[PDB]
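Here's a solo chain for you in structure tokens, the form deposited in one PDB entry.
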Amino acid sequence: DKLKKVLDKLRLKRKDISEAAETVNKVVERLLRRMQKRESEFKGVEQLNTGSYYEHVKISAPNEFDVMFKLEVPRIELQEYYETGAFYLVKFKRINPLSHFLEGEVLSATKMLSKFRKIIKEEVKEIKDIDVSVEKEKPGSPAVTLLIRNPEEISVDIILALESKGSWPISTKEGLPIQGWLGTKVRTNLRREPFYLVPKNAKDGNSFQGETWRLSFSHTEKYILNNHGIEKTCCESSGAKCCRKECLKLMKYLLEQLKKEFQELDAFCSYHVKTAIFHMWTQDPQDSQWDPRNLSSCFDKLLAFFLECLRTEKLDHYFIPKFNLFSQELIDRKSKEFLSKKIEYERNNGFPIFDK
């Protein structure tokens, strides 16, 4: 009941979806078409809508869209970067419109992202119908972010991605553990889909900095979000409704509210809660473990699970098991103890942050 009302608050409004989507699709079209022009390195790039808005778990407002401009790259070989599972050098065998980004067979991420970014910056300059500018580049981000003032503020991450169609990299052989949940035929079909490499683009100052790419599975997560039940009719017009997405929304909101108040939580992001709930959906595969009348209990066990990840400093990438998003190398003890105490306080005092 309390949580039913929070969900009502988080529910997007069709009126807002219309206005935001009409603007967003205009810009994204125009950008996509410029990538196709003339002697552009990005000709043939294709569009893939990803993230919460397209999974129907975007909350509060339709004010952040994520879009992938993906480029298929044939005849590619990878060098895993220092056994991290998730980061790769991209190498070319033949000796090519990406030639300007080559650094002797090695494909530079930051060179490629700069050119991409330069092109985007130029196209929005020439947009005069709507109020749109290009955010100052954020370190670690694979994206060129647009700020649209639709009056209302809207962010769009244009994510640049390489598309390889070969089999997924060895480091993912043991990830995506959906066999007892969505099953083996689904797993096989998903792993026949391409995989994607986005620029890591860190500024830490370590070797291969600007030639390191990160694996991306936004497309797989989108499929899973919209096909999330052991039963094929889960959440369908002739099936039973579950509370899996509603639990994701509530946890997303807990993090947003908290992250909005306390800058100690800067190391945390929603992909952390998205990853945690993929594990919970694997742990509890049955649709009856997500009955809408047990929303309280399902949300409480998701919190219990997240707390245990924070305390044990272990939250494995759903697709790359050896990659721990909560390692001390990425988020230190005190950042995690701080969020642990904040969650545990909301848990045990009526979730007062839901009323802000």
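In case it trips you up, residue 1 is the first one in the sequence shown, and so on. Throughout, rigid core stands for the largest set of C-alpha atoms superposing within 1.5 Å between the two forms.
One more form of this protein, deposited in another entry, exists but is not displayed; see below.
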item	value
Core-superposed comparison between the shown form and the other one - Cα displaced by 2 angstroms or more, from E221, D157, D284, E246	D157
Shift of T184 between the shown form and the other one at or above 2 Å (CA, core fit)	no
Core-aligned CA displacement of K121 at least 2 Å between the shown form and the other one	yes
Rigid core superposition, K13 Cα moves 2 angstroms or more between the shown form and the other one	yes
Closer or farther in the other entry: C-alpha pair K252, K138 (3 angstroms or more)	farther
Closer or farther: C-alpha pair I59/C269 in the other entry, relative to this form, given a change of 3 Å or more	closer
